[PDB]
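Undergrad: This is coords.txt, which holds compact mmCIF, C-alpha atoms:
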```
# COMPACT_ATOMS: atom_id res chain seq x y z
CA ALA U 1 -38.29 -46.22 10.82
CA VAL U 2 -35.11 -48.04 11.84
CA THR U 3 -34.49 -51.66 10.84
CA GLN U 4 -32.41 -54.35 12.54
CA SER U 5 -32.29 -57.07 9.89
CA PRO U 6 -31.72 -60.28 11.90
CA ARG U 7 -33.44 -60.43 15.28
CA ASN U 8 -31.60 -63.54 16.46
CA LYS U 9 -27.88 -63.96 15.85
CA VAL U 10 -25.52 -66.58 17.30
CA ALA U 11 -21.77 -67.16 17.14
CA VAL U 12 -18.87 -69.24 18.43
CA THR U 13 -16.19 -67.50 20.52
CA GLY U 14 -13.45 -65.92 18.44
CA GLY U 15 -15.61 -65.65 15.34
CA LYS U 16 -16.28 -62.54 13.27
CA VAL U 17 -19.93 -61.43 13.25
CA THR U 18 -21.66 -58.26 12.04
CA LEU U 19 -24.84 -56.41 12.95
CA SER U 20 -26.49 -54.21 10.32
CA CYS U 21 -28.85 -51.27 10.55
CA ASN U 22 -31.00 -49.49 7.98
CA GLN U 23 -33.16 -46.38 8.33
CA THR U 24 -35.93 -45.22 6.03
CA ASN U 25 -36.18 -41.46 6.66
CA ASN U 26 -32.82 -39.72 6.46
CA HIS U 27 -31.65 -39.00 10.00
CA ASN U 28 -28.01 -38.01 9.56
CA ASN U 29 -26.32 -39.61 12.60
CA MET U 30 -26.86 -43.14 13.97
CA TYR U 31 -25.78 -45.12 17.06
CA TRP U 32 -25.08 -48.56 18.53
CA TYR U 33 -26.09 -49.71 22.04
CA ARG U 34 -26.12 -52.98 24.02
CA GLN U 35 -28.88 -53.83 26.50
CA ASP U 36 -27.48 -55.48 29.61
CA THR U 37 -29.71 -56.07 32.63
CA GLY U 38 -27.69 -54.16 35.19
CA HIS U 39 -26.87 -51.11 33.11
CA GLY U 40 -29.19 -49.86 30.69
CA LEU U 41 -28.76 -48.72 27.28
CA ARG U 42 -25.00 -48.14 27.28
CA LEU U 43 -23.65 -46.87 23.90
CA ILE U 44 -20.82 -48.30 21.74
CA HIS U 45 -19.88 -45.92 18.93
CA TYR U 46 -21.77 -44.10 16.53
CA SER U 47 -21.46 -41.94 13.43
CA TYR U 48 -22.33 -38.34 12.64
CA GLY U 49 -22.53 -38.84 8.90
CA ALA U 50 -22.07 -41.30 6.04
CA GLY U 51 -18.30 -41.73 6.26
CA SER U 52 -17.77 -41.13 9.98
CA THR U 53 -17.36 -43.42 13.01
CA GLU U 54 -16.76 -42.28 16.59
CA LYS U 55 -16.10 -44.29 19.73
CA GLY U 56 -18.85 -44.42 22.33
CA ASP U 57 -18.80 -45.15 26.04
CA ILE U 58 -18.15 -48.85 25.47
CA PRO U 59 -15.84 -48.81 22.48
CA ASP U 60 -13.12 -51.49 22.10
CA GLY U 61 -14.35 -55.06 21.58
CA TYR U 62 -16.30 -53.75 18.59
CA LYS U 63 -15.85 -51.81 15.36
CA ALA U 64 -18.32 -49.63 13.48
CA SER U 65 -18.82 -48.86 9.83
CA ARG U 66 -21.12 -46.28 8.29
CA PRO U 67 -20.93 -47.31 4.64
CA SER U 68 -23.51 -44.65 3.71
CA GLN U 69 -26.23 -42.96 5.78
CA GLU U 70 -29.25 -45.30 5.61
CA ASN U 71 -27.20 -48.36 6.62
CA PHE U 72 -24.88 -48.61 9.66
CA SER U 73 -23.14 -51.84 10.68
CA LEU U 74 -21.42 -52.80 13.95
CA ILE U 75 -18.65 -55.40 13.57
CA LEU U 76 -17.34 -57.98 16.05
CA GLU U 77 -14.21 -59.70 14.76
CA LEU U 78 -13.30 -62.40 17.27
CA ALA U 79 -16.50 -62.81 19.28
CA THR U 80 -16.63 -63.24 23.06
CA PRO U 81 -19.28 -64.55 25.47
CA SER U 82 -18.63 -61.17 27.10
CA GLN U 83 -20.51 -59.46 24.27
CA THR U 84 -23.65 -61.61 24.55
CA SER U 85 -26.38 -59.02 25.09
CA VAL U 86 -28.93 -57.25 22.90
CA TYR U 87 -27.67 -54.81 20.31
CA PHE U 88 -29.90 -51.83 19.66
CA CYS U 89 -29.35 -49.47 16.76
CA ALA U 90 -30.86 -45.98 16.81
CA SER U 91 -30.99 -42.84 14.67
CA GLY U 92 -31.88 -39.16 15.05
CA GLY U 93 -31.00 -35.70 13.78
CA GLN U 94 -32.35 -32.67 15.64
CA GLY U 95 -31.79 -30.87 18.90
CA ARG U 96 -33.85 -32.29 21.76
CA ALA U 97 -31.74 -35.41 21.24
CA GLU U 98 -34.71 -37.50 20.12
CA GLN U 99 -33.24 -40.89 19.22
CA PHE U 100 -35.14 -43.58 17.30
CA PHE U 101 -34.42 -47.15 18.36
CA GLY U 102 -34.68 -50.14 16.06
CA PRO U 103 -36.42 -53.37 17.16
CA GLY U 104 -33.27 -55.03 18.46
CA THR U 105 -30.91 -57.92 17.73
CA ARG U 106 -30.18 -60.60 20.32
CA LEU U 107 -26.65 -62.00 20.23
CA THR U 108 -25.55 -65.20 21.94
CA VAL U 109 -21.84 -65.98 21.89
CA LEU U 110 -21.80 -69.77 22.31
CA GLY U 111 -18.26 -70.52 23.49
CA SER U 112 -18.45 -70.91 27.27
CA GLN D 1 -22.98 -40.96 34.32
CA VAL D 2 -26.60 -41.18 35.50
CA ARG D 3 -28.35 -42.91 38.41
CA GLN D 4 -31.92 -44.04 39.00
CA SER D 5 -32.74 -45.01 42.59
CA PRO D 6 -36.14 -46.71 42.01
CA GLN D 7 -34.87 -49.85 40.21
CA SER D 8 -37.58 -52.52 40.05
CA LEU D 9 -41.01 -51.34 41.20
CA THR D 10 -44.63 -52.45 41.53
CA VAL D 11 -47.71 -50.35 42.24
CA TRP D 12 -51.47 -50.61 42.49
CA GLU D 13 -53.38 -49.44 39.51
CA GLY D 14 -53.74 -46.27 41.14
CA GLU D 15 -51.06 -44.65 42.96
CA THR D 16 -48.48 -42.43 41.98
CA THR D 17 -45.36 -43.78 40.57
CA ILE D 18 -42.19 -41.85 41.36
CA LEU D 19 -38.96 -42.83 39.63
CA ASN D 20 -35.88 -40.87 40.68
CA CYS D 21 -32.86 -39.92 38.62
CA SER D 22 -29.58 -38.08 39.17
CA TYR D 23 -26.53 -36.84 37.28
CA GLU D 24 -23.31 -34.90 37.88
CA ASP D 25 -21.85 -33.37 34.72
CA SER D 26 -22.76 -29.69 35.04
CA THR D 27 -22.35 -29.68 31.25
CA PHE D 28 -25.71 -31.46 31.11
CA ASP D 29 -28.79 -29.64 29.92
CA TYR D 30 -32.04 -31.17 28.75
CA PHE D 31 -32.94 -34.62 30.13
CA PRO D 32 -35.47 -36.85 28.34
CA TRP D 33 -36.92 -40.12 29.61
CA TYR D 34 -37.47 -43.21 27.50
CA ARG D 35 -39.74 -46.13 28.29
CA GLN D 36 -39.07 -49.66 27.13
CA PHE D 37 -42.05 -51.98 26.83
CA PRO D 38 -41.34 -55.65 27.66
CA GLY D 39 -39.93 -57.21 24.50
CA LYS D 40 -39.83 -53.96 22.51
CA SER D 41 -37.44 -51.06 21.78
CA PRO D 42 -37.06 -47.84 23.83
CA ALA D 43 -39.00 -44.74 22.82
CA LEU D 44 -38.86 -41.18 24.12
CA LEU D 45 -41.42 -39.87 26.60
CA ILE D 46 -41.31 -36.49 28.59
CA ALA D 47 -38.11 -34.50 28.61
CA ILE D 48 -37.03 -31.30 30.42
CA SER D 49 -34.23 -28.73 30.38
CA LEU D 50 -32.80 -27.14 33.54
CA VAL D 51 -34.34 -23.88 32.31
CA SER D 52 -37.64 -24.72 34.04
CA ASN D 53 -38.42 -26.97 37.01
CA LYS D 54 -41.46 -28.97 35.93
CA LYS D 55 -43.24 -30.31 32.87
CA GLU D 56 -46.55 -32.07 32.39
CA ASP D 57 -48.01 -34.15 29.59
CA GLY D 58 -50.94 -36.08 30.93
CA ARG D 59 -50.20 -37.84 34.22
CA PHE D 60 -46.54 -37.91 33.20
CA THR D 61 -44.65 -35.13 34.98
CA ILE D 62 -40.96 -34.37 35.53
CA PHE D 63 -39.67 -32.51 38.56
CA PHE D 64 -36.15 -31.13 38.27
CA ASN D 65 -33.83 -29.70 40.98
CA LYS D 66 -30.71 -27.70 39.96
CA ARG D 67 -27.62 -28.43 42.11
CA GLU D 68 -28.04 -31.60 44.12
CA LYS D 69 -28.64 -32.73 40.57
CA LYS D 70 -31.81 -34.72 41.13
CA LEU D 71 -34.62 -35.29 38.66
CA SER D 72 -37.76 -37.41 39.05
CA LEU D 73 -40.63 -38.41 36.78
CA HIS D 74 -44.10 -38.98 38.25
CA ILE D 75 -46.74 -41.23 36.67
CA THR D 76 -50.24 -40.50 37.96
CA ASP D 77 -53.01 -43.05 38.17
CA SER D 78 -50.21 -45.53 37.47
CA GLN D 79 -52.22 -47.91 35.32
CA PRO D 80 -51.21 -51.37 34.21
CA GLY D 81 -49.75 -51.03 30.74
CA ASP D 82 -47.53 -48.27 32.05
CA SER D 83 -45.35 -51.13 33.22
CA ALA D 84 -42.13 -50.78 31.25
CA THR D 85 -38.52 -50.18 32.26
CA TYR D 86 -38.50 -46.38 32.13
CA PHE D 87 -35.03 -45.04 31.37
CA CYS D 88 -33.69 -41.69 32.49
CA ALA D 89 -31.44 -40.01 29.95
CA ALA D 90 -29.39 -36.82 30.27
CA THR D 91 -27.29 -34.81 27.83
CA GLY D 92 -26.06 -31.56 26.33
CA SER D 93 -24.86 -32.34 22.80
CA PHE D 94 -27.61 -32.05 20.13
CA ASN D 95 -28.82 -35.64 19.76
CA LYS D 96 -26.74 -38.20 21.64
CA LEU D 97 -27.85 -39.34 25.03
CA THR D 98 -25.88 -40.65 27.95
CA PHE D 99 -28.28 -43.18 29.45
CA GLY D 100 -28.98 -44.05 33.05
CA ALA D 101 -29.59 -47.69 34.00
CA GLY D 102 -33.39 -47.54 34.06
CA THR D 103 -35.98 -48.59 36.63
CA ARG D 104 -38.35 -51.38 35.61
CA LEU D 105 -41.87 -50.80 36.92
CA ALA D 106 -44.99 -52.98 36.79
CA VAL D 107 -48.48 -51.93 37.80
CA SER D 108 -50.58 -54.72 39.30
CA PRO D 109 -54.24 -54.00 38.48
CA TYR D 110 -57.74 -55.06 39.54
```
Would you write the structure of this file as structure tokens?
TA:
Amino acid sequence: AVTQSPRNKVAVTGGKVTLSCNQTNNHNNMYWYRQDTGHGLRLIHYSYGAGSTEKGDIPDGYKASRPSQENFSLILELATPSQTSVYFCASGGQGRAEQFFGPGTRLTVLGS
Amino acid sequence: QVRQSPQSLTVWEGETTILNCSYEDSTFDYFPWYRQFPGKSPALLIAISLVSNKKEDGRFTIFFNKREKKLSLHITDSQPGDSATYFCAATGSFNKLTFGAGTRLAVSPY
């Protein structure tokens, strides 16, 4: 049961903005994707455990923080209309690579 | 990387739906498929490992071919409601999936 607190987020270009995740049911490592009609799921960082953070396929332009299992936040200091998709958080923790996606958070970077 | 040829599809509440996938990294083992329902999050749905060459779970079936790294999931009696985006994922890392780009399908009924 993964939770994406705010479903609709908006921001002005060049403005810090964070995306938080929470997961009832301890599933050690979490993730951080961005839905973009053209290329699916596409991951940007993710952590193995509480204090870890590892780059993904789309790192740079973002920053990730795993303050402590359960919650996992993805930070965007200095927004950009380039990062105006849907951010999906997901957890998991066994072989088979079964990932559990949250409901999603739509981000619109106003600017231009 | 992963590729899905299908991309955007429509079928008659009937026929078989075939969505194709492909990958290159020979490091890859085990490939699950996820299906996203319009306006909702992705969820798993019928996965396979190169060990075998087929897997069934209802009308959902995956056909896998070793080199010439092609994979393809078949939906039988493609019914409306099966319309989703259908993502093809591949891997080999113990949870962590490298995702394809998906192929949105919609089954017109009646």
Undergrad: If I take CA of residue 9 in chain D and CA of residue 74 in chain D, how far is one from the other in Å, to one decimal?
TA: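 Between these atoms lies a distance of 13.1 Å.
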Undergrad: Which one is closest to chain U: D:71, D:50, D:97, D:105? Count only C-alpha atoms.
TA: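 Checking each candidate against chain U, we get D:97 as the closest.
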Undergrad: Write out as an MDAnalysis selection string every residue belonging to chain D that has an atom at most 10 Å from any atom of chain U, counting only C-alpha atoms.
TA: chainID D and resid 3 7 29:32 34 39:45 47:49 85 87:103
Undergrad: How big is the axis-aligned box around all listed atoms of range 104-110 of chain D once 4 Å goes on each side, and where's its centre, in Å to one decimal, as JSON?
TA:
```
{"center_x": -48.0, "center_y": -52.9, "center_z": 37.6, "size_x": 27.4, "size_y": 12.3, "size_z": 11.9}
```
Undergrad: What is the CA of residue 71 in chain U to CA of residue 18 in chain U distance in Å?
TA: 12.6 Å
Undergrad: Give me, as a PyMOL selection string, all polymer residues having an atom no more than 10 Å from residue 52 in chain U, counting all atoms listed in the file and skipping those fewer than 6 positions away in the same chain.
TA: chain U and resi 29+46+64-69
Undergrad: Pick out the closest residue to residue 28 in chain D from this set: D:73, D:107, D:2, D:46. Count only C-alpha atoms.
TA: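 Looking only at the distances to residue 28 in chain D, the closest residue turns out to be D:2.
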Undergrad: Hey, which of U:17, U:26, U:72, U:1 ends up closest to residue 47 in chain U? Count only C-alpha atoms.
TA: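 Of all the options, U:72 lies closest to residue 47 in chain U.
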Undergrad: I'd like to know which of U:58, U:19, U:44, U:10 is closest to residue 76 in chain U, using all atoms listed in the file.
TA: U:19
Undergrad: Could you list, as a PyMOL selection string, every residue within 9 Å of residue 82 in chain D, counting only C-alpha atoms and ignoring same-chain residues fewer than 3 positions away?
TA: chain D and resi 35+37+75+78-79+105-107
Undergrad: Output C-alpha atoms for every residue in that selection, as a compact mmCIF listing (two decimals), keeping the file's coordinate frame.
TA:
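In the end it all went to selection-v5.txt:
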```txt
# COMPACT_ATOMS: atom_id res chain seq x y z
CA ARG D 35 -39.74 -46.13 28.29
CA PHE D 37 -42.05 -51.98 26.83
CA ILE D 75 -46.74 -41.23 36.67
CA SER D 78 -50.21 -45.53 37.47
CA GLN D 79 -52.22 -47.91 35.32
CA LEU D 105 -41.87 -50.80 36.92
CA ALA D 106 -44.99 -52.98 36.79
CA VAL D 107 -48.48 -51.93 37.80
```
Undergrad: Go ahead and find all residues with at least one atom no further than 8 Å from (-55.0, -44.8, 36.4) in the file's coordinates, using only C-alpha atoms; report them as a list in words.
TA: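 Returned residue set, sorted by chain then number, is residues 13, 14, 15, 76, 77, 78, 79 and 80 of chain D.
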Undergrad: What does the distance from CA of residue 84 in chain D to CA of residue 104 in chain D come to in Å, to one decimal?
TA: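 So the answer is 5.8 Å.
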